[PDB]
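Only one chain is shown below, in structure tokens, and it's the form deposited in one PDB entry.
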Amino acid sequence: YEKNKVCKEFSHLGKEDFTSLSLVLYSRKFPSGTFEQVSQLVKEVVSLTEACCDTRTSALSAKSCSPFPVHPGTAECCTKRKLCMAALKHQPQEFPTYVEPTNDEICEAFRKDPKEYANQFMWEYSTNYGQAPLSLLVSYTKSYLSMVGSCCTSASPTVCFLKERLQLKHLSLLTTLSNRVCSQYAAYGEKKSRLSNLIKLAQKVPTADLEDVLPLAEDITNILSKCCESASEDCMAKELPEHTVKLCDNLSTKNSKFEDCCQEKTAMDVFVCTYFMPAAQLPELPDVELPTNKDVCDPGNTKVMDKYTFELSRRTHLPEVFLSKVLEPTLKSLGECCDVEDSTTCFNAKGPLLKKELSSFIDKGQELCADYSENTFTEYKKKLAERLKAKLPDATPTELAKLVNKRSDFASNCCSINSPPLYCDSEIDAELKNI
């Protein structure tokens, strides 16, 4: 099939446009790849796609061990086969740095080097938002470049940009949003992602019922598994609006913040508004015990797992990157009392262990993030230094400044409701063993 699909899109588009696609395609794959590298790999990839439309696909492998971008662990794969490389997954770029230049910078760069300007743009935009579906990336960059080409040669560039930008605002927002939401999905995988979104919703609207939010976590998860990856037909645009309707139908009346978000002029704005919403103050209800019962074994439903996750989230002041991090191992541990000779026995024993481990994790995590959510950043720094002073009596102002600096930096990246999963997974591990 595809052994003729690579060749089909080549002929249908032609070498140049097929090179623009490949540029976007590979920039997504190598988030850390430099412009020269990515462009070089593309130079040669198209090269063979033109000729062989395996014999020279091998030429690449070898040469890759270089002018080409490098995935983490390429040195290993170069041990040989040898195509251990096509198995190396890339980690998403969780810290975009893309900033659009002023109109003059764009037009000047464009008048001088039309090809290079568009290659620099496709490469930079695609490496920063590489998790948005290819179809969306390809579409926004062509519409964008079409705007640049058109406006920079118009009777009045300025007003042209004012108007064109307003008409691309939607597709622009959809692409960066998609990158974010789809990058969290790829980071966690479908199961953790689903729980993650359930946790965030529980934190945003603690007064709701599992029933009000579970359908929401389910829906977005389905939308992500269906639309994060599409080569030419984007469905994120077809799916999100109705998703905002489910969101509003279920939480519009349960929460003032949501009621307002549901007033936005577009589904994109409503969505963005509910995404940025921080974890609300938790009503702090009674504690909840681990779901140590045969009901968590249900292959057909995670009902019990979801209910626990939901109830934990709305009672525990702790960021979702923390909850998601400890829930995966914990729910998986319990799950080991399912396919055994006696489930009740394996639960009564495992119970006290997981409980203490979970509490230890929650306690240290609540310490790592103490005061961050309830205060403005500066007012947070102050209370933080104060807590550290109390714990480190012989600490010199300099040693304290380093600790406040280190801890506050960590908290600004891993205590918000939308902290970067991959980056915080590592940092959280490091910080737990701290103090």
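Quick note: we count residues from 1 along the sequence shown, nothing fancier. For the two forms, the rigid core is made up of the largest set of C-alpha atoms that agree within 1.5 Å on superposition.
Keep in mind that the form deposited in another entry is not shown, yet the notes after this line are about it.
*Asks:* Just one of 111, 191, 238, 355 has a CA that shifts 2 Å or more between the shown form and the other one on a core fit; which is it?
*Replies:* So the residue whose C-alpha moves 2 Å or more is 111.
*Asks:* Once the two forms are fit on the core, has residue 368 moved its CA by at least 2 Å between the shown form and the other one?
*Replies:* Residue 368 C-alpha, core-superposed: shift of less than 2 Å.
*Asks:* Any CA movement of 2 Å or more for residue 425 between the shown form and the other one, core superposed?
*Replies:* No; that C-alpha moves by less than 2 Å between the shown form and the other one.
*Asks:* Is residue 43 one of the residues whose C-alpha moves 2 Å or more between the shown form and the other one after the core fit?
*Replies:* Shift of 2 Å or more: yes.
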